[PDB]
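To keep things clear, I will list the structure first and then write my remarks on it.
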Amino acid sequence: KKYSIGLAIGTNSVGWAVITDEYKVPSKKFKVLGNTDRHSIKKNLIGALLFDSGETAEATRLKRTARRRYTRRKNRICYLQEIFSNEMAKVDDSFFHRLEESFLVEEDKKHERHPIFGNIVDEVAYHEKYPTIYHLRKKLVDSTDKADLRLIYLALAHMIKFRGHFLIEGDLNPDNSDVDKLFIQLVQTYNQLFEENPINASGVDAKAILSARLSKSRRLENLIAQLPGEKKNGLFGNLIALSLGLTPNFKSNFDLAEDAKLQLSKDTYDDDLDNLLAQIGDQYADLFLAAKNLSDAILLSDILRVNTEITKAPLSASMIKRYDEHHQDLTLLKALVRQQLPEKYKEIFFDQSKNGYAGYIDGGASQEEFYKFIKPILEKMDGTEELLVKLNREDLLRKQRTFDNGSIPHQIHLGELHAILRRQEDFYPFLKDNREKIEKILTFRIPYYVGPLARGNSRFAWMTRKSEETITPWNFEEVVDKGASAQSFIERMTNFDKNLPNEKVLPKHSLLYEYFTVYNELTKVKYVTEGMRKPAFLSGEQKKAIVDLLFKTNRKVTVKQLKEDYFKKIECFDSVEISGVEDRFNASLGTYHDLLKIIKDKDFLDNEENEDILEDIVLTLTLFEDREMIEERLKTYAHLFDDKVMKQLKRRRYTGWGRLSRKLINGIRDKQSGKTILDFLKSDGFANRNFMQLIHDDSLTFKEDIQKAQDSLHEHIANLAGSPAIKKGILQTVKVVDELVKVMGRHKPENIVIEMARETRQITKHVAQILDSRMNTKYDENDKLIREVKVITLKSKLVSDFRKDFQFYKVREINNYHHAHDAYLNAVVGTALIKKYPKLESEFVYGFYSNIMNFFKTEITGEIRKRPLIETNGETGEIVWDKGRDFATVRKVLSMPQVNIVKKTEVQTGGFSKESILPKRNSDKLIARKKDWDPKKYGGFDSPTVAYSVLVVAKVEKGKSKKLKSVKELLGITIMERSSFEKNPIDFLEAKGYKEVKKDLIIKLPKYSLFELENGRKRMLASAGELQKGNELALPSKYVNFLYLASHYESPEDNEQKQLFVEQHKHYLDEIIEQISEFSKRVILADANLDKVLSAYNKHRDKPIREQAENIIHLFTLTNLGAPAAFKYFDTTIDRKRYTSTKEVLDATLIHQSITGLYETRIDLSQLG
RNA sequence: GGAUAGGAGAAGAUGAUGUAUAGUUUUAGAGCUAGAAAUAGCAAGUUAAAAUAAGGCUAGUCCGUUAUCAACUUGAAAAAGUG
DNA sequence: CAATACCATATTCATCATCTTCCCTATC
DNA sequence: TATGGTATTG
Ligand SMILES: [K+]
Ligand SMILES: [K+]
Ligand SMILES: [K+]
Ligand SMILES: [K+]
Ligand SMILES: [K+]
Ligand SMILES: [K+]
Ligand SMILES: [K+]
Ligand SMILES: [K+]
Ligand SMILES: [Mg+2]
Ligand SMILES: [Mg+2]
């Protein structure tokens, strides 16, 4: 009994088939377990496993980090409150308690309902004096009077809780006082560098034009329009664009050779500026220098829309400006609406459902929706004027808590907080003593290279502590080892040397690694001349000279330079033929030239004794990104260089890691020669062996040491490189193969032909390697692997062309059988191919081409050369194909109605429910967001996810008498309930109200559990209260091919014959419909939908056959396995008819399917109760 | 064929960490005038606190949405055995 | 109870690391 | 997306 296995691997399906030598699919009897009358069942050995897609880890990680951020924000507020504690207690012993319970209803409140002061009069007074928190912030920044401690806390808390971003490094110190003067000074520098061509900047209001609350490009265009003879692409135009934050290119301004794009935000502005000035001249520096000065005064103009001189709180003042303009424009708009149209005042200022002002404030209308709503009403009326300008500038009726506040840096909030602390520390001593602590609460971040501040219970953490104590914002630098933590941050993700697995790879920019690459390329270079008979290899001295004269004087080395600067200047050759390198050498010594420019000491870089130093330096520049840590680490070598050299080293960083370790490049040495790999690359006599040759040479001891230096299925698949969905498909494929092998009496197949859905692809090679290493586990006498099973991989186009050439067409919309059919055809074609041309094994088996598939055909074209009926192997003489019976066998297999389509049952995981926080409602569907927040008072969640249902057989109390009535029903265990239910199912069910639960009759039913009812009708579990369609529609292959040909009506005469087949078999349409109808009336039970379908088909029966076939393909949605879905027949829409009740499957037959569906356990549920 | 090291640009796949802004929910921000009331007229609106998976024990400024899952027997589990 | 329509958190920056493919050089 | 939860309307 010999057999082969065909596999079609997809992201949502694994199709499988078993074929024999005659390319037939066997049919067996399988035992049926359970309690029904059926003891066995006939099964064809072909099918497909269907499953929901595997998900990436992204959403989980995002929610994880959001959780962390909420926790740490709460801890910031707790730090600030603990600082204020005792003095607040002396002022108001329940202030923080009122803040904590602000969310509670007055019934549940333990203190007075007014948070700040505890009485209504003072609260109304506060809100009247300070209508927004920014009024209080500005007052506390600017006033010299002692303030109530509660307002001080509220201001500091608003700043710390919403502290702004950390994208800008250093300090800011805002100052918009002299934008005009800095612009005039930039014009002065320009006119001094170009005395013949000045710029007349008189009458140019640069202040209003560069802080015009418009795009950087718009303000640039406007400032250039005020300058005749000057264009935006000119030198001054590009300088202005640089001051505005754009990225101008100063190449054409200075007639440069290459680009010189400058941006003040990049970390490389100093380097780019110094390079441009080295190209053009340092006397232009005061130009860009001036451009930076002005830039500072503009660096924050979009956020601080107020003068910095009248207040030390520019941001709160800009918010107050927003508020005042909102108030004034609202009064104006109210008056204008009242006057113009008395109607629509209700719609605009009272209807929360509309995107008017009511929906903008009270409803769910965003600023953009409200703008779209009011723009036509504003244009219709008159007197609007500046309102439309504010609207198109997006500065009309603005709130203070908006989406664009993401622009606000944390330095601005820090400035206002520092000002408030400076003001109020004169009256409160604890504020003076804890000023820096509070500023630190605002400023402190956890470094990205530190990670969670865990203590041995986080699989995500790598941080190391210098001392065992709680980490606070104030002791972080003393308790946390920032250096070791950053090193762990990088190293825990970098690869070890695959040759020496206990060795880390070098930095990609290591000087040693670059020497290795340069010498590995140079050692295989050959040069020929006239007097030479054959190409000779470069000797050690020649390679050293080329490295010293070309690679250590030019970053890149060209073949022209190799021939003219060495072979002519040194060897006195006028013509030389080079081989091994095209145009230019790929390897180079970039790190060498970088360090040579930085330190300006060639003898330092050429001295081999300075090797281990430089390496570490490069390592430090690769290991670390934080410039402070780089400075601290490089301080050890500050005795070798100057202060300027050390600063240039600080500003130099690298990223990237090589693939080989230092102990492999320069470390291990051959036993008899004492030379390392780099030593052989520098000089190997006349052999000039490169890296692979050296580590593959049996006459050397490198291969021996590499050999001396040298998991579970789920682990191994999880560690592969690929999308998680395809990894799911791979694991399911392996499990299907294990089951199929077990079905064949533990006998292994001859061939496994795999095809991966969309072969040199690496993931298909991984599948093939896993299968090959699992099937072939024995060795022969020569200690070589015995390949009992040939693992062939085929690309989808082979079987696709096979189908389209022999008319075995697929229609994916008809059912899911096409996956199993693909697996079968893969098995057939792969086995036939390797039986016909065995020499192709090295190409297809793990471990002329345009006509490779022609042996299947009988007539082949312009050849028109015939072929025999019986195709055999040339040498073995074995029959591989009988065109008189094997095509009929394939056609018979593709027509079998019984195919094992199995939907993988899966417990649902993930979020508990929909995330929307719903308002309070009188419904038991609402879920409390906190233990004590009764959703009838506070709202909450609805729509939870059912992890799996449970069949319960028990009694429930009925009526006021609480009479016990026997029940049997499906209970949905939600994801949030799951741990509680599994910890104690009886107590969970009793708390749900169930009494006398038959614990042994409890059946766990995950999603997609299968039930059979009458007439073979099947249903799958979608939830505890909804079902999906469970039957496949096995349509005859004649209708399949007819639909294929009628749909894609649009080139041999066979196209004309296919059109003739379509026109002769138009009646098939009706038959198809009839088939569907029967299927429906047997398994779908969608009366109204089936009637709408019949009527729509009768209406468009006069349509072209092509469109009718396409719309019947659409109609197949009604019968498809799985969840119901709406579809469209011509212009008629058929909505999904759902199965909103799971009551019938309580008396049906539950079917537990194995992975292939061949092994079944059938439980008659009507017997329970 | 497969594999390895390197190079130019691109085009994708994946994993982790540290941040920010909103949104939503309840409460607070005295609504007024006629009306018994139903209701009508007007005034007003921009802000804040708190929660942001219920929660957990390991109690950390940590963890809580990925992967993995037919039934039966054995298993903590992974997984193995049953036709 | 069934037919039916509505609903579903979003956007944003910074630092890394790993893998793949395409085309070249040199190899096992 | 799409498909399972929910309220609405009979
Ligand atoms: K109370
Ligand atoms: K101009
Ligand atoms: K709104
Ligand atoms: K808000
Ligand atoms: K090259
Ligand atoms: K770095
Ligand atoms: K899952
Ligand atoms: K199953
Ligand atoms: Mg929490
Ligand atoms: Mg908010």
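Values below: all heavy atoms of this structure, side chains included; hydrogens, waters and symmetry mates excluded. In the text below, chain A, chain B and the rest are named by the order of the sequence lines, each starting its count at 1.
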Would a student be right to call [N] and [M] stacked, given the definition of ring centres under 5.5 angstrom and plane angle under 30°?
{"N": "B:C72", "M": "B:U73", "answer": "yes"}
{"N": "B:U68", "M": "B:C69", "answer": "yes"}
{"N": "C:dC22", "M": "C:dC23", "answer": "no"}
{"N": "B:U66", "M": "B:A67", "answer": "yes"}
{"N": "B:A53", "M": "B:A54", "answer": "no"}

(message) As a quick check of understanding, evaluate ring pair (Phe, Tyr, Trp, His ring centres under 6.0 Å) for A:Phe691 and A:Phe516, giving each step before the final call.
(response) CA-CA 9 Å; A:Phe691 171 70; A:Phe516 158 83; 5.7 Å; yes
(request) Test A:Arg445 against every option in A:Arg163, A:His410, A:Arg72 by the side-chain contact (heavy atoms from CB on, under 4.5 Å) rule and name the one that passes. (result)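 By the side-chain contact (heavy atoms from CB on, under 4.5 Å) criterion, A:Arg445 pairs with just one of A:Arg163, A:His410, A:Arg72: A:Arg163.
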For [X], which contact category applies under a 4.0 Å heavy-atom criterion: base, sugar-phosphate, or nothing?
{"X": "A:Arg163", "answer": "sugar-phosphate"}
{"X": "A:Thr494", "answer": "sugar-phosphate"}
{"X": "A:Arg445", "answer": "base"}
{"X": "A:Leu104", "answer": "sugar-phosphate"}
{"X": "A:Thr760", "answer": "sugar-phosphate"}
{"X": "A:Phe349", "answer": "base"}

(request) Decide yes or no for A:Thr517 and A:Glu521: does some side-chain heavy atom of the first lie under 4.5 Å from some side-chain heavy atom of the second? (result)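 Sidechains of A:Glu521 and A:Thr517: no contact.
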(message) Are A:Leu136 and A:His158 packed together at the side-chain level, in the sense that at least one heavy-atom pair is separated by less than 4.5 angstrom?
(response)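 A side-chain contact under 4.5 Å is absent here.
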(request) Give the ring-plane orientation class for A:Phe95 versus A:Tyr153, where under 30° counts as parallel, over 60° as perpendicular and anything between as tilted. (result)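 If you compare the ring of A:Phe95 with that of A:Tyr153, the planes turn out perpendicular.
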(request) Measure the acute angle between the ring planes of A:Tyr79 and A:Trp474, then classify it against the limits of 30° and 60° as parallel, tilted or perpendicular. (result)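 The rings of A:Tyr79 and A:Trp474 stand perpendicular, inter-plane angle above 60°.
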(message) Counting distance alone, no hydrogens or angles: does the base of B:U52 have a donor or acceptor under 3.5 Å from a partner atom on the side chain of A:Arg73?
(response)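 In this structure, the two groups form a donor-acceptor pair.
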(message) Please compare A:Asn495 and A:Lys1137 by the position of their nearest nucleotide in DNA chain C and report the one closer to 5'.
(response)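 By nearest-heavy-atom nucleotide position, the 5'-most residue is A:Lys1137.
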(message) Here's a test of your reading of the structure: between A:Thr655 and A:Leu62, which maps to the more 5' nucleotide of DNA chain C?
(response)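 Residue closer to the 5' terminus by nearest nucleotide: A:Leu62.
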(message) Can you tell me whether the base of B:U39 sits syn or anti, using the 90° cut around 0 to define syn?
(response)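 Base orientation: anti.
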(request) Classify the glycosidic conformation of B:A53 as syn or anti, calling it syn when the angle lies within 90° of 0. (result)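 Base orientation: syn.
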Would you say the base of [N] stacks on [X] (centre-to-centre below 5.5 Å, plane angle below 30°)?
{"X": "A:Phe403", "N": "B:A22", "result": "no"}
{"X": "A:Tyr938", "N": "B:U26", "result": "no"}
{"X": "A:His696", "N": "C:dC28", "result": "no"}

(message) Looking at D:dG4, I'd like to know if its phosphate oxygens (OP1 or OP2) sit under 4.0 Å from a side-chain N or O belonging to A:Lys1007.
(response)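 Yes, A:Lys1007 has a side-chain N/O under 4.0 Å of OP1/OP2 on D:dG4.
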(message) So, OP1 or OP2 of B:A48: does either fall under 4.0 Å of a side-chain N or O from A:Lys161?
(response)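 Checking B:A48 against A:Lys161, no side-chain N or O comes under 4.0 Å of OP1 or OP2.
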(message) Major or minor groove for A:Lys914? Use side-chain heavy atoms and a distance below 5.0 angstrom to the groove-defining base atoms.
(response)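 A:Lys914 reaches into the minor groove.
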(message) Tell me which residues in residues 447-458 of chain A lie within less than 4.0 Å of RNA chain B, going by non-hydrogen atoms.
(response)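 Result for residues 447-458 of chain A: A:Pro447, A:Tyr448, A:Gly451, A:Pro452, A:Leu453, A:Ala454, A:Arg455, A:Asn457, A:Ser458, sorted by number.
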If you look only at distance, which donor and acceptor atoms sit under 3.5 Å apart when one is on a side chain in residues 915-939 of chain A and the other is two or more places apart or in another chain?
from, atom 1, to, atom 2, distance (Å)
A:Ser923, OG, A:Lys925, N, 3.1
A:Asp934, OD1, A:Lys936, N, 3.2
A:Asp934, OD2, A:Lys937, NZ, 3.2
A:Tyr938, OH, A:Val105, N, 3.0
A:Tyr938, OH, A:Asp108, OD2, 2.8

(request) Go through B:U68, B:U19, B:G45 for me and flag the one nearest to the A:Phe166 side chain. (result)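 My answer, after comparing the listed nucleotides, is B:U19.
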(message) Both atom distances under 3.5 Å, Watson-Crick or G-U wobble: I'd like the secondary structure of DNA chain C as a dot-bracket string, with | for pairs made across strands.
(response) |||||||||||.||||||||||||||||
